[PDB]
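J.: Below you will find the structure I want to go over with you.
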Protein chains: 2
Amino acid sequence: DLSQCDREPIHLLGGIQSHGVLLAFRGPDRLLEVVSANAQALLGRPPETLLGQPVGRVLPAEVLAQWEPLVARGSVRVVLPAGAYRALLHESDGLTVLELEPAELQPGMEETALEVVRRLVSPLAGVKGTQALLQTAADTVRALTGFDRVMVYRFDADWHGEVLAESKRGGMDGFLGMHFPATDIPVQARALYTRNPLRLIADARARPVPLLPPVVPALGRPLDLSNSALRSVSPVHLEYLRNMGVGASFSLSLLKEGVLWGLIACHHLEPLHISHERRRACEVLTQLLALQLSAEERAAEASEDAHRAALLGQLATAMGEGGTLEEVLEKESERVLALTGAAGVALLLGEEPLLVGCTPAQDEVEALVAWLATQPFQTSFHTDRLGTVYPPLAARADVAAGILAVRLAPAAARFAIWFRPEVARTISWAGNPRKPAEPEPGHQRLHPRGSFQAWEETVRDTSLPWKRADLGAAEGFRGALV
Amino acid sequence: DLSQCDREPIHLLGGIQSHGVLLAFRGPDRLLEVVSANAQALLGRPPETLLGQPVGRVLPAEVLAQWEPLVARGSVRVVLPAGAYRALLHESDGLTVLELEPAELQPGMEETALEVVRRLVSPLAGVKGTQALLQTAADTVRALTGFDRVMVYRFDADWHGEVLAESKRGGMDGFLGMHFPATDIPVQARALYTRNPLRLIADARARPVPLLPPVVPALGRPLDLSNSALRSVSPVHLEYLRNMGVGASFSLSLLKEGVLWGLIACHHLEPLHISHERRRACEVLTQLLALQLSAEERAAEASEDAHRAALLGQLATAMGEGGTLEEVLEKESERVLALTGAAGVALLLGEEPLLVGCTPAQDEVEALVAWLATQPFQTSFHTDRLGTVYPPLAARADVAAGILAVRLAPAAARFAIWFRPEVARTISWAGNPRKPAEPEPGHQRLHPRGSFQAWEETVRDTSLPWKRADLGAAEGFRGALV
Ligand SMILES: *C/C=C1/C(Cc2[nH]c(Cc3[nH]c(CC4=NC(=O)C(CC)=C4C)c(C)c3CCC(=O)O)c(CCC(=O)O)c2C)=NC(=O)[C@H]1C
Ligand SMILES: *C/C=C1/C(Cc2[nH]c(Cc3[nH]c(CC4=NC(=O)C(CC)=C4C)c(C)c3CCC(=O)O)c(CCC(=O)O)c2C)=NC(=O)[C@H]1C
């Protein structure tokens, strides 16, 4: 359901965090437009008094010698008097949208950047599992701008997610597993994160600094601050960090192969401005955690599912050295079930079902086969919820939560079914998940929580996943019968 | 092993590069021992002299201050009065080796490194090929190194290689798709190069500078320069360089899962010296693109299995729809001969066989299974020189030159089979391959072929190799047949 929580724009609010400068430009012969009410304190002359007038009479020679490499490169460092801000410029609704914002004072990005990477590459990064690859990234990021807590929120099936990492300092608090809503990182803001990686909260305590004039004439609405460098997050959100205990939040959204995945949150007690160069060079590492995952699952599967095929190679030679189904299936029944980490498996070979392992009762399975053949799957049908699809076997979960249809022939409702049982799973949650926001009596403008502390729910009457292998190994048996 | 090549003790041969200095520090109260002649270019007062003499008492105030940090971390910025060197160390052979050699002049090296780390990582990497993956790392290490010429070398099965890639400037002779031995980078140096990636040969033409006392006092044989940098090499190496038009060297070891997948050599038309932060920065780039293309191997594997399944999904419905095999194999005759990507199949499912593609005769089919029972193999026999191992039916250059066994029945003479033809594959041999290196009347000392010109080896009659996933679509077919 689209919510007042997800219908809400970003991109086109009010403007930029109180530490940049947006000086706009409309068409040919340069010429300023949408400015930034804070502009008369890093320039030299007030905003309203150069909102009509061209670049010649707005910027100093510095940035106007640099104007050419700017277009031509992306960003470009200029050391004009207040210090040495950035330059990052893109294209908007009809504009050249030049902004600067402070630059990096240490000459050990390059140096600390290159020792920090080596960690999250190495001669062989996967050694002691994937809680390391998650934990070294989360570490580095922390130990590459400095922070007092950072994790790896991962989204799942229903876009709700949890933190599989945690790097911290001498006795804060901090989350870990600890599920928290999907409403949070809403539909708006991972549709937008496919194209725009990271966001900087500079000083979550401090207030947003408007834009000039609040619309960009021609269009009618305000400016697309979407590709922005310093978009200011939103009331729904800082209302919702001033509880938590962040004066920051440093995110760099993952996506190895076009698909989102997680984030790396970075938290910090006191306002903190990491740079564009450092912001982007941890985007380089978020880009090295997404890759080295791609590589190992895309591997695991390869290395894991040989163990699968050595089952099916057992199950097939026995199958042809004394051809006799029931006899040869019994001895290699530990193998059948174990194809798929299963407890039970019926087979309909024409005659009566050969129930085999630790399955439910025959009178039951007969009703289960009619109900199947009167469903659509072109070959297979599985679920981790069971009672949800075919309620009759709800009550007797304990062996019946997840199944593998594998139609042996067309009209023939002969097949085999793999019963997979029931799993505990006491599952932690940051405040009661049943309610992830705060309606003000009319329900039109709302709030977050001030909650964030371990309300457990208990996933149960579900099972395990059915990961490409079960559903693939299993389709080996069905071609191995015909 | 064999000819004088896999003999040359290429770490105990004294000698060291002349820009560098490797001196050695023996015993407890850090106390000199072996110093590398030209050591008074950096200490005014002679090597000969202070082979006695405590550590700090032989080398400067400057460099003493920073004797502390390089124990802990082992790379310092000791900046002295002769363009300030820096010394990486390591403990070779029970004593401590300080390896004074030059700076990075230029403070981008790191900031530039980091940006070519991006070009070869940006999350659409390989979307004009693996080929394009190799030919980036070509132009990126090149930019790091200046070096006029970069290469990339895979060591195909028999240790002897190809140069997939290249990356030259203009009017630069080059081996684009050219092809040569693995005598060269021999037995010795593969074994050494698993242990350290890199090696430099900057001023090839520059003869070595002895390091006294020819042989390490209490051992004999020269110290052991194995895990040094500013060493030299088996002389008659930069030997077969003066036979080229190169006066430098840089070549890394791409290591992929711990086997040596080869190296990238950048050599220069005239001498050049790159740093040890700078060569760290390309050894870094090797253990990165390996991380990438390890995934790309794993990827097009899982994409090609999941392919073959879908192909076999169809196959086994033609199976279950009825008709006996011979009728089912009629059209799927087309589909099975595409299931190991071979020309035809032959059943032999008891009775007189099925020839059912572009097969040899009936009489030669049977001639194999006779012999195929004599020799080993539980389940399989994929060979490609099916005429070397087995001459009689070793003239089929057209119909069969690589066969595939499977036993449809354990201890029984029932094997189904897919033969596939000779394929002419033009090989642009670079120099003579009947001349790795012509010796001196004596056969006691070797210098190496002085002519690297294209040679034709048009190899009549083998198979396109037997790719894992292909190969792997056999244990199944055999299970889902009786
Ligand atoms: C329903 C509307 C609401 C909004 C709007 C809104 N939500 C977000 C996202 C968000 N929420 C979190 C919470 C959080 N604390 C942690 O420790 C972690 C990781 C472990 C998380 C995810 C985060 C981190 C985020 C976005 C990541 C970030 O802070 O950069 C946004 C994103 C701001 C944007 O526009 O980019 C917005 C606009 N917040 C609500 O509570 C509801 C009402
Ligand atoms: C029969 C004796 C022979 C030896 C002994 C030997 N040579 C080397 C050095 C070597 N060779 C290669 C191969 C190679 N890399 C390239 O780029 C090219 C041309 C494109 C070639 C042909 C390499 C990489 C090396 C290491 C240094 C270098 O090549 O730049 C060794 C080990 C090297 C060392 O001394 O440390 C040994 C033991 N080599 C022969 O070719 C024959 C004559």
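Going by the structure tokens order, chains are called A, B, ..., each with residues numbered from 1, while ligands are numbered from 1 in the order shown.
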Give the residue list for ligand 1 at 7 Å, counting only C-alpha atoms and all ligand atoms, as a VMD selection string, sorted by chain and then by residue number.
T.: chain A and resid 3 to 6 10 151 to 153 163 175 183 to 186 189 199 233 to 234 236 to 237 240 249 to 251 264 to 265 437 446 to 448
J.: Produce a table with one row for each residue of chain A that has an atom at most 8 Å from any atom of chain B, each row naming the nearest atom pair and its distance in Å at one decimal; use only C-alpha atoms; arrange rows by chain and rising residue number; format as a tab-separated table.
T.:
```
residue	atom	partner	partner_atom	distance
A:110	CA	B:110	CA	5.1
A:111	CA	B:110	CA	6.7
A:114	CA	B:114	CA	7.5
A:118	CA	B:284	CA	7.4
A:121	CA	B:288	CA	6.7
A:122	CA	B:287	CA	7.1
A:123	CA	B:287	CA	6.4
A:124	CA	B:257	CA	7.9
A:256	CA	B:123	CA	6.3
A:257	CA	B:123	CA	7.2
A:284	CA	B:118	CA	7.3
A:287	CA	B:123	CA	7.0
A:288	CA	B:121	CA	7.9
A:291	CA	B:292	CA	7.1
A:292	CA	B:291	CA	6.9
A:294	CA	B:295	CA	6.6
A:295	CA	B:295	CA	3.9
A:296	CA	B:295	CA	7.1
A:298	CA	B:298	CA	5.5
A:299	CA	B:298	CA	5.4
A:301	CA	B:302	CA	8.0
A:302	CA	B:302	CA	7.0
A:312	CA	B:479	CA	7.8
A:313	CA	B:475	CA	6.6
A:316	CA	B:479	CA	5.1
A:317	CA	B:410	CA	7.0
A:320	CA	B:409	CA	6.0
A:321	CA	B:410	CA	7.0
A:408	CA	B:320	CA	7.7
A:409	CA	B:320	CA	6.2
A:410	CA	B:321	CA	7.9
A:476	CA	B:476	CA	7.4
A:477	CA	B:480	CA	7.9
A:479	CA	B:316	CA	5.3
A:480	CA	B:480	CA	3.6
A:481	CA	B:480	CA	6.4
A:482	CA	B:320	CA	4.4
```
J.: If you keep N, CA and C atoms, can you produce a file of those selected residues as a short mmCIF file (atom, residue, chain, number, x, y, z; two decimals), in the first residue's frame?
T.:
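Okay, this is what ended up in out-v5.cif:
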```cif
data_model
loop_
_atom_site.label_atom_id
_atom_site.label_comp_id
_atom_site.auth_asym_id
_atom_site.auth_seq_id
_atom_site.Cartn_x
_atom_site.Cartn_y
_atom_site.Cartn_z
N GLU A 110 44.72 9.05 -0.22
CA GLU A 110 45.33 8.16 -1.22
C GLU A 110 45.96 7.02 -0.41
N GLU A 111 46.73 7.42 0.61
CA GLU A 111 47.61 6.59 1.48
C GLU A 111 46.75 5.68 2.37
N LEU A 114 44.46 3.34 0.33
CA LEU A 114 45.09 2.17 -0.32
C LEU A 114 45.43 1.07 0.69
N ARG A 118 43.19 -2.92 0.45
CA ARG A 118 43.98 -4.17 0.65
C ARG A 118 43.30 -5.12 1.65
N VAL A 121 40.13 -6.59 -0.04
CA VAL A 121 40.48 -7.34 -1.29
C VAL A 121 41.22 -8.61 -0.83
N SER A 122 42.54 -8.49 -0.62
CA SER A 122 43.44 -9.50 0.00
C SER A 122 43.78 -10.59 -1.01
N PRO A 123 44.75 -11.46 -0.67
CA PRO A 123 45.02 -12.64 -1.48
C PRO A 123 43.84 -13.62 -1.59
N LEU A 124 42.84 -13.56 -0.69
CA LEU A 124 41.70 -14.53 -0.63
C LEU A 124 40.74 -14.12 0.51
N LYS A 256 25.70 -4.78 -6.69
CA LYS A 256 26.73 -5.42 -7.56
C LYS A 256 26.27 -5.43 -9.02
N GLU A 257 25.03 -5.93 -9.23
CA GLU A 257 24.47 -6.40 -10.52
C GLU A 257 23.02 -5.88 -10.58
N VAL A 284 33.69 3.51 -3.47
CA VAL A 284 34.64 2.59 -4.18
C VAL A 284 34.67 1.23 -3.45
N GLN A 287 31.56 -0.72 -3.47
CA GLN A 287 31.52 -1.24 -4.86
C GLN A 287 32.40 -2.49 -4.95
N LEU A 288 33.14 -2.76 -3.88
CA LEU A 288 34.11 -3.87 -3.78
C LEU A 288 33.57 -4.96 -2.86
N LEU A 291 30.82 -6.70 -5.30
CA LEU A 291 31.52 -7.56 -6.31
C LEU A 291 31.87 -8.90 -5.66
N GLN A 292 32.59 -8.85 -4.55
CA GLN A 292 33.18 -10.04 -3.87
C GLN A 292 32.08 -10.90 -3.24
N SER A 294 28.81 -11.35 -5.27
CA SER A 294 28.60 -11.81 -6.66
C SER A 294 29.50 -13.03 -6.92
N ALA A 295 30.80 -12.92 -6.62
CA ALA A 295 31.89 -13.87 -6.96
C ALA A 295 31.78 -15.20 -6.19
N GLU A 296 31.40 -15.13 -4.92
CA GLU A 296 31.38 -16.29 -3.99
C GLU A 296 30.02 -16.98 -3.97
N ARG A 298 28.07 -17.05 -6.57
CA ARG A 298 28.20 -17.47 -7.99
C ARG A 298 29.24 -18.60 -8.09
N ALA A 299 29.86 -18.97 -6.99
CA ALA A 299 30.90 -19.97 -6.64
C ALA A 299 30.33 -21.05 -5.71
N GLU A 301 27.52 -21.94 -4.94
CA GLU A 301 26.55 -22.70 -5.76
C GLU A 301 27.29 -23.78 -6.55
N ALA A 302 28.41 -23.42 -7.18
CA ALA A 302 29.21 -24.31 -8.06
C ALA A 302 29.83 -25.43 -7.22
N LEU A 312 23.00 -37.53 -6.59
CA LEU A 312 22.27 -38.02 -7.80
C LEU A 312 23.07 -39.08 -8.58
N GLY A 313 24.41 -39.06 -8.52
CA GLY A 313 25.28 -40.11 -9.08
C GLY A 313 25.25 -41.42 -8.28
N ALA A 316 21.63 -43.28 -8.84
CA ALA A 316 21.38 -43.63 -10.27
C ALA A 316 22.11 -44.91 -10.71
N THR A 317 23.21 -45.28 -10.05
CA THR A 317 23.99 -46.52 -10.33
C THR A 317 23.37 -47.68 -9.54
N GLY A 320 20.54 -48.82 -11.28
CA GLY A 320 20.89 -49.72 -12.40
C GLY A 320 21.96 -50.74 -12.03
N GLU A 321 21.64 -51.60 -11.07
CA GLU A 321 22.48 -52.71 -10.56
C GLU A 321 21.60 -53.50 -9.58
N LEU A 408 5.47 -35.69 -12.92
CA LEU A 408 6.21 -36.77 -13.63
C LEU A 408 5.72 -36.92 -15.07
N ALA A 409 4.48 -36.51 -15.40
CA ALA A 409 3.88 -36.64 -16.75
C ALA A 409 2.71 -35.69 -16.92
N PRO A 410 2.19 -35.48 -18.15
CA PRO A 410 1.06 -34.57 -18.38
C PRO A 410 -0.14 -34.85 -17.46
N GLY A 476 16.37 -32.92 -11.24
CA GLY A 476 17.18 -34.08 -11.68
C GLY A 476 16.44 -35.41 -11.51
N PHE A 477 15.75 -35.61 -10.37
CA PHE A 477 15.08 -36.89 -10.00
C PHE A 477 13.96 -37.19 -11.01
N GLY A 479 13.41 -36.07 -14.19
CA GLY A 479 13.98 -36.48 -15.48
C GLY A 479 14.64 -37.84 -15.38
N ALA A 480 15.05 -38.22 -14.16
CA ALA A 480 15.72 -39.51 -13.84
C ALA A 480 14.73 -40.65 -13.59
N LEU A 481 13.41 -40.41 -13.69
CA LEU A 481 12.34 -41.43 -13.52
C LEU A 481 11.65 -41.67 -14.86
N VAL A 482 10.45 -39.72 -15.68
CA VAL A 482 10.05 -40.30 -17.01
C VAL A 482 9.74 -41.80 -16.89
#
```
J.: If you run DSSP on this backbone, which residues of region 106-279 of chain A come out as strand (DSSP E or B), and could you give them as a PDB file with C-alpha atoms, in the first residue's frame?
T.:
```pdb
ATOM      1  CA  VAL A 150      28.472   1.385  11.226  1.00  0.00           C
ATOM      2  CA  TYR A 153      21.361  -3.090   6.612  1.00  0.00           C
ATOM      3  CA  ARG A 154      20.199  -5.699   3.978  1.00  0.00           C
ATOM      4  CA  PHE A 155      16.647  -5.528   2.493  1.00  0.00           C
ATOM      5  CA  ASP A 156      14.747  -8.832   1.924  1.00  0.00           C
ATOM      6  CA  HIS A 160      12.182  -5.034   5.251  1.00  0.00           C
ATOM      7  CA  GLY A 161      15.748  -5.826   6.411  1.00  0.00           C
ATOM      8  CA  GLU A 162      18.317  -6.254   9.255  1.00  0.00           C
ATOM      9  CA  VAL A 163      22.012  -5.369  10.066  1.00  0.00           C
ATOM     10  CA  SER A 167      31.853  -1.784  14.217  1.00  0.00           C
ATOM     11  CA  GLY A 177      20.648  -8.539  13.579  1.00  0.00           C
ATOM     12  CA  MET A 178      17.681  -6.768  15.150  1.00  0.00           C
ATOM     13  CA  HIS A 179      15.075  -6.488  12.322  1.00  0.00           C
ATOM     14  CA  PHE A 180      13.480  -3.042  11.759  1.00  0.00           C
ATOM     15  CA  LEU A 198      25.214   7.999  -1.068  1.00  0.00           C
ATOM     16  CA  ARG A 199      23.743  10.870   1.035  1.00  0.00           C
ATOM     17  CA  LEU A 200      25.444  13.278   3.511  1.00  0.00           C
ATOM     18  CA  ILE A 201      23.727  14.433   6.646  1.00  0.00           C
ATOM     19  CA  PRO A 208      17.732  23.248   6.010  1.00  0.00           C
ATOM     20  CA  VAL A 209      18.817  26.427   4.083  1.00  0.00           C
ATOM     21  CA  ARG A 231      20.323  17.425  -0.557  1.00  0.00           C
ATOM     22  CA  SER A 249      24.199   9.176   9.037  1.00  0.00           C
ATOM     23  CA  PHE A 250      26.666   8.007   6.365  1.00  0.00           C
ATOM     24  CA  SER A 251      25.132   5.562   3.855  1.00  0.00           C
ATOM     25  CA  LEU A 252      26.567   4.088   0.620  1.00  0.00           C
ATOM     26  CA  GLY A 262      22.089  -3.102   1.700  1.00  0.00           C
ATOM     27  CA  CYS A 266      27.506   5.142   9.573  1.00  0.00           C
TER      28      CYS A 266
END
```
J.: Would you please work out which residue, of B:238, B:132, B:143, B:31, is nearest to ligand 2 when using only C-alpha atoms and all ligand atoms?
T.: B:238
J.: Considering only C-alpha atoms, return as a PyMOL selection string whatever protein or nucleic-acid residues lie within 7 Å of region 52-61 of chain A, sequence-local ones (same chain, fewer than 2 positions apart) excluded.
T.: chain A and resi 30-33+50+63-65
J.: Of the candidates B:34, B:230, B:282, B:76, which one gets nearest to ligand 2 if we count only C-alpha atoms and all ligand atoms?
T.: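 Ranked by minimum distance to ligand 2, first place goes to B:230.
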J.: Fewer than 4 positions away in the same chain doesn't count, so skip those; otherwise give me all residues within 12 Å of residue 462 (chain A), counting only C-alpha atoms, as number ranges by chain.
T.: A: 383-388, 394, 397-403, 420-425, 458, 466
J.: Write a file of the just-selected residues containing C-alpha atoms, as an mmCIF file, in the first residue's frame.
T.:
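This went into part29.cif:
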```cif
data_model
loop_
_atom_site.group_PDB
_atom_site.id
_atom_site.type_symbol
_atom_site.label_atom_id
_atom_site.label_comp_id
_atom_site.auth_asym_id
_atom_site.auth_seq_id
_atom_site.Cartn_x
_atom_site.Cartn_y
_atom_site.Cartn_z
ATOM 1 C CA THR A 383 6.211 -22.794 -0.517
ATOM 2 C CA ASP A 384 7.917 -22.023 2.880
ATOM 3 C CA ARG A 385 4.472 -21.074 4.261
ATOM 4 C CA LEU A 386 2.383 -24.282 3.869
ATOM 5 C CA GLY A 387 -0.965 -23.746 5.721
ATOM 6 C CA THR A 388 -1.147 -20.542 3.635
ATOM 7 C CA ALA A 394 -1.482 -26.398 8.667
ATOM 8 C CA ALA A 397 3.075 -28.458 10.443
ATOM 9 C CA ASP A 398 6.073 -30.137 12.281
ATOM 10 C CA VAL A 399 6.846 -31.967 8.897
ATOM 11 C CA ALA A 400 4.677 -29.956 6.365
ATOM 12 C CA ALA A 401 5.680 -26.238 5.843
ATOM 13 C CA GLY A 402 7.503 -26.532 2.479
ATOM 14 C CA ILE A 403 7.091 -28.835 -0.498
ATOM 15 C CA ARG A 420 10.183 -30.067 4.856
ATOM 16 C CA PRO A 421 9.203 -29.318 8.479
ATOM 17 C CA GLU A 422 9.068 -26.485 11.129
ATOM 18 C CA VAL A 423 11.785 -24.088 12.595
ATOM 19 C CA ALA A 424 11.762 -22.066 15.909
ATOM 20 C CA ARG A 425 13.560 -18.806 14.850
ATOM 21 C CA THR A 458 8.383 -15.441 16.304
ATOM 22 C CA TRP A 466 14.403 -23.459 -1.372
#
```
J.: Quick one: pick out all helix (DSSP H, G or I) residues within region 137-332 of chain A from a backbone DSSP run and write them as a PyMOL selection string.
T.: chain A and resi 137-145+188-191+235-238+276-289+291-320+325-331
J.: Limited to C-alpha atoms, could you put the picked residues into a file as a short mmCIF file (atom, residue, chain, number, x, y, z; two decimals), in the first residue's frame?
T.:
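File produced: result11.cif:
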```cif
data_model
loop_
_atom_site.label_atom_id
_atom_site.label_comp_id
_atom_site.auth_asym_id
_atom_site.auth_seq_id
_atom_site.Cartn_x
_atom_site.Cartn_y
_atom_site.Cartn_z
CA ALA A 137 33.89 -3.46 4.90
CA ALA A 138 31.81 -2.09 7.88
CA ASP A 139 35.14 -1.85 9.80
CA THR A 140 37.18 -0.06 7.01
CA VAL A 141 34.37 2.52 6.23
CA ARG A 142 34.44 3.29 10.02
CA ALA A 143 38.28 3.36 10.02
CA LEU A 144 38.39 5.39 6.76
CA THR A 145 36.40 8.51 7.77
CA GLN A 188 10.64 6.45 -3.04
CA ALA A 189 14.18 6.08 -1.82
CA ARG A 190 15.54 2.87 -3.38
CA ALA A 191 13.88 3.75 -6.74
CA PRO A 235 11.60 16.40 8.45
CA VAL A 236 10.12 12.84 8.61
CA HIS A 237 13.74 11.69 9.21
CA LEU A 238 16.02 13.97 11.38
CA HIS A 276 33.17 14.30 -1.55
CA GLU A 277 36.53 12.64 -2.37
CA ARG A 278 36.25 10.41 0.81
CA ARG A 279 32.42 9.97 0.37
CA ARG A 280 33.07 8.66 -3.21
CA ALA A 281 36.19 6.54 -2.23
CA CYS A 282 34.05 4.51 0.28
CA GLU A 283 31.48 4.25 -2.56
CA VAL A 284 34.64 2.59 -4.18
CA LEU A 285 34.58 0.05 -1.25
CA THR A 286 30.79 -0.40 -1.18
CA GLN A 287 31.52 -1.24 -4.86
CA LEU A 288 34.11 -3.87 -3.78
CA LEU A 289 31.77 -5.60 -1.22
CA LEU A 291 31.52 -7.56 -6.31
CA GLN A 292 33.18 -10.04 -3.87
CA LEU A 293 29.62 -11.31 -2.97
CA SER A 294 28.60 -11.81 -6.66
CA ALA A 295 31.89 -13.87 -6.96
CA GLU A 296 31.38 -16.29 -3.99
CA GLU A 297 27.67 -17.07 -4.18
CA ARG A 298 28.20 -17.47 -7.99
CA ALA A 299 30.90 -19.97 -6.64
CA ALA A 300 29.37 -21.52 -3.44
CA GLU A 301 26.55 -22.70 -5.76
CA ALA A 302 29.21 -24.31 -8.06
CA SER A 303 31.23 -25.91 -5.16
CA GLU A 304 28.17 -26.70 -3.01
CA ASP A 305 26.00 -28.36 -5.73
CA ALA A 306 28.67 -30.90 -6.81
CA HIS A 307 27.87 -32.39 -3.31
CA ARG A 308 24.28 -32.34 -4.75
CA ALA A 309 25.29 -34.22 -7.98
CA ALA A 310 27.36 -36.89 -6.06
CA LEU A 311 23.99 -37.67 -4.34
CA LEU A 312 22.27 -38.02 -7.80
CA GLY A 313 25.28 -40.11 -9.08
CA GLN A 314 24.89 -42.51 -6.08
CA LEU A 315 21.05 -42.58 -6.53
CA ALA A 316 21.38 -43.63 -10.27
CA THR A 317 23.99 -46.52 -10.33
CA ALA A 318 22.29 -48.39 -7.43
CA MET A 319 19.20 -47.54 -9.65
CA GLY A 320 20.89 -49.72 -12.40
CA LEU A 325 12.44 -49.24 -7.33
CA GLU A 326 11.24 -49.89 -3.68
CA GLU A 327 14.30 -52.07 -2.72
CA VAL A 328 16.92 -49.69 -4.28
CA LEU A 329 14.97 -46.53 -3.13
CA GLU A 330 14.90 -47.65 0.59
CA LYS A 331 18.75 -48.01 0.87
#
```
J.: For region 357-369 of chain A, list every protein, DNA or RNA residue within 8 Å, evaluated using only C-alpha atoms, and leave out those in the same chain fewer than 6 positions away; present the list as a ChimeraX atom specification.
T.: /A:333,337,343-346,390,393,396,399-400,413,419
J.: Just the selected residues (N, CA, C and O atoms), exported as a short mmCIF file (atom, residue, chain, number, x, y, z; two decimals), in the first residue's frame, please.
T.:
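result.cif written:
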```
data_model
loop_
_atom_site.label_atom_id
_atom_site.label_comp_id
_atom_site.auth_asym_id
_atom_site.auth_seq_id
_atom_site.Cartn_x
_atom_site.Cartn_y
_atom_site.Cartn_z
N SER A 333 17.51 -43.93 0.38
CA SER A 333 16.42 -43.03 0.84
C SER A 333 17.02 -41.91 1.67
O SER A 333 16.43 -40.81 1.71
N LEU A 337 15.79 -37.93 0.42
CA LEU A 337 15.51 -36.89 1.43
C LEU A 337 16.66 -35.88 1.38
O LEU A 337 16.41 -34.71 1.09
N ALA A 343 12.95 -34.09 5.29
CA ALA A 343 12.55 -35.07 6.33
C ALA A 343 11.73 -36.22 5.70
O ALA A 343 11.98 -37.37 6.07
N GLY A 344 10.78 -35.90 4.81
CA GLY A 344 9.82 -36.83 4.17
C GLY A 344 9.70 -36.63 2.67
O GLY A 344 10.08 -35.54 2.15
N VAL A 345 9.20 -37.66 1.97
CA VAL A 345 8.97 -37.63 0.49
C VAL A 345 8.06 -38.80 0.12
O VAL A 345 8.48 -39.94 0.30
N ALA A 346 6.85 -38.51 -0.36
CA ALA A 346 5.94 -39.48 -1.01
C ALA A 346 6.33 -39.56 -2.50
O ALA A 346 6.97 -38.60 -2.98
N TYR A 390 -2.53 -24.61 1.17
CA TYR A 390 -3.35 -25.84 1.41
C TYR A 390 -3.59 -26.02 2.91
O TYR A 390 -2.89 -26.78 3.57
N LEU A 393 -3.08 -29.28 6.21
CA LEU A 393 -1.79 -29.75 6.79
C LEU A 393 -1.13 -28.62 7.60
O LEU A 393 0.03 -28.80 8.03
N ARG A 396 -0.93 -29.89 11.51
CA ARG A 396 0.25 -30.79 11.49
C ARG A 396 1.29 -30.14 10.58
O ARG A 396 1.51 -30.63 9.45
N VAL A 399 6.29 -31.15 10.02
CA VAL A 399 6.85 -31.97 8.90
C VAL A 399 6.35 -31.41 7.55
O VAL A 399 6.92 -31.78 6.50
N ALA A 400 5.39 -30.49 7.56
CA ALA A 400 4.68 -29.96 6.36
C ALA A 400 4.56 -28.41 6.42
O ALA A 400 3.49 -27.90 6.85
N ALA A 413 -1.25 -37.41 -12.70
CA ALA A 413 -1.02 -36.77 -11.37
C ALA A 413 -0.14 -37.70 -10.53
O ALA A 413 -0.21 -37.59 -9.29
N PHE A 419 8.41 -33.39 1.83
CA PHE A 419 7.92 -32.65 3.03
C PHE A 419 9.13 -32.11 3.82
O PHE A 419 10.02 -32.90 4.15
#
```
J.: Excluding region 100-104 of chain A and residues on its chain fewer than 2 positions from it, collect all residues at most 10 Å away from it, counting only C-alpha atoms, and give them as an NGL selection string.
T.: :A and (17-23 or 42 or 75-79 or 82-89 or 98 or 106-109 or 229-230 or 273-278)
J.: Considering only C-alpha atoms and all ligand atoms, can you say which of B:468, B:7, B:242, B:382 comes closest to ligand 2?
T.: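 Checking each of B:468, B:7, B:242, B:382 against ligand 2, counting only C-alpha atoms and all ligand atoms, the winner is B:7.
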